[PDB]
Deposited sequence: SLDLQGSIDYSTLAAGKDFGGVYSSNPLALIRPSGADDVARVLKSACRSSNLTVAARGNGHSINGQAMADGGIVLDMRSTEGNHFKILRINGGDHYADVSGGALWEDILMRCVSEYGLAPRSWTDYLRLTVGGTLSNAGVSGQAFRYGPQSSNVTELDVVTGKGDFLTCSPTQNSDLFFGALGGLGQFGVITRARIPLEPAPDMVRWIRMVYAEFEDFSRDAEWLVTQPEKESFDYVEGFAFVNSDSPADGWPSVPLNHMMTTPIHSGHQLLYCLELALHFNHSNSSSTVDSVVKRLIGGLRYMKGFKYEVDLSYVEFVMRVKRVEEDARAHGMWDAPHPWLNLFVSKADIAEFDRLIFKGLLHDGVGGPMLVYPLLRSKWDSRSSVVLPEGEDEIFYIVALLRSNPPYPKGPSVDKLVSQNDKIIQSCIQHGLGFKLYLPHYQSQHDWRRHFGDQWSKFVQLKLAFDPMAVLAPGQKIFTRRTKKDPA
């Protein structure tokens, strides 16, 4: 039986808002669950109601209201963030972590308490375990280890019916694989067990500028396809504007220019783990071998050494900056997508060069991934193709709020135009963090994976109580 009191221990949380600032909602209530028991109690009660919906909120970083429950119940999963933490040995190591824990705190705790760390990250660490595992969780390690959803050995899940189940690849495996990349549709992740690696002492962080997309992409693909023993430990890249803009021009590139008609340029971003047992000269020798033959513009290679924790935490500086400029609690109509290797050059021509040649005010990430690291059994949707290589693209728009900058309607319209152009060109792409309004568009997104997705919904959340903000299924009555 669900027993609740007024929240005393907690600061105000705007449960009807998220990072995107595109939508707003008015939940009936915000609940701070103590742990999995409370989550189950809440979902069991929701199932008995005629039409209550429940959204589990991670850290509110959705763009499109995915963690909202207008006229429903929001669970603050961070109130469970301390639950379950442990490190165990089998001599491989694992961590149990709460679904509501921030990746930032997992990094700090694992490194400081055990000299260990997760091996697959997001760029930004104030995201929750459950939140990223429900999507994928992608950064520069994914070419080696796969996304965070490919680095899980166990989940505790409370289903939309309110049932608690421990799941793995071999136990309640339909739920396990369904929840991974499953957009919160089948249950609330209350615990994950994840592999850990010995934490590196240090990182050599490198950025190299490219004039042309062909050179950039060929070199990026080369670097993610080398033997593990002779490879970097992180590969990303981004297009930036050939301008003096502090937001997304040349100032955004160095870690601590040639005058040309280029509208955009490209930056290949690499990192090499090393330990204090390695001399600077040794690291130099390794890097020199690894980048032999690369066609980056001479004179525009930037390098710094920093601790592993500082490198994984590198985006904290960006948040501090934004917050100091009152730009954090503002709209961010970001667009994220996966593009097939076969179509990435046309995507660059049509979208980067064609539509975005003046930039979007923030990073335009683009870098290759390896399909073999993305578990085909999961709910993740990738574009068709069987090139081992595919790409992720992220358009991290940043603008002063209206009327100083464009309206949210305007920006969303621009995002729609990008997607429209890809569709009209028949490009092989899928949205990451997908958002659609009609189920017809959702069926187009899932393609031949749709039947399985609905089957899982019927098995685990038949009344569609859970994650209504994804707008895939509507709440059934009674």
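- Residues 91 to 92, 259 to 263, 486 to 489 of the deposited sequence have no C-alpha coordinates in the structure.
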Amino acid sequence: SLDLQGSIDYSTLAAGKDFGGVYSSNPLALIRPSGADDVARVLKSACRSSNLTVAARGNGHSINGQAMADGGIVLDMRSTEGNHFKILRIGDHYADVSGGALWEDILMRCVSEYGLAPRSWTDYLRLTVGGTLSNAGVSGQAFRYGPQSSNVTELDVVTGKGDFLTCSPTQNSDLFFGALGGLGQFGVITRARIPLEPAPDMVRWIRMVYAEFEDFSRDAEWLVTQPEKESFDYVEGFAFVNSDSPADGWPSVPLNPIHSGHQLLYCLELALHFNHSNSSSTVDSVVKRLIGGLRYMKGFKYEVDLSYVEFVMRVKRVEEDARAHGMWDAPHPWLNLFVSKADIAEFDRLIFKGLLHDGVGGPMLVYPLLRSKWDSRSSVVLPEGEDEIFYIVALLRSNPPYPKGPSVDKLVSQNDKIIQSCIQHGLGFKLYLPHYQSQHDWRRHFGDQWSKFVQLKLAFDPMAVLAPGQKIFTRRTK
From here on, numbers count along this sequence of modelled residues.
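- Mean CA temperature factor is higher for 78 to 86 when stretches 338 to 346 and 78 to 86 are set side by side in the entry.
- 130 to 138 and 361 to 369 differ in mean CA B-factor, and the higher of the two is recorded for 361 to 369.
- The residue among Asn59, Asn64, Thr53, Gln439 whose C-alpha atom has the highest B-factor in the PDB entry is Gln439.
- Take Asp156, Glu384, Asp96, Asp215 and read off each C-alpha B-factor from the entry; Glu384 has the highest.
- For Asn399, the recorded CA B-factor ranks within the highest third of the chain. Only modelled residues enter the ranking.
- Remark: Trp328 belongs to the highest third of its chain, ranked by C-alpha B-factor as recorded.
- When the modelled residues of the chain are ordered by their C-alpha B factor, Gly447 lands in the middle third.
- Ranked within its chain, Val287 lands in the middle third, by CA B factor from the PDB record.
- In the deposited entry, the Cα temperature factor of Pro257 places it in the highest third of its chain's modelled residues.
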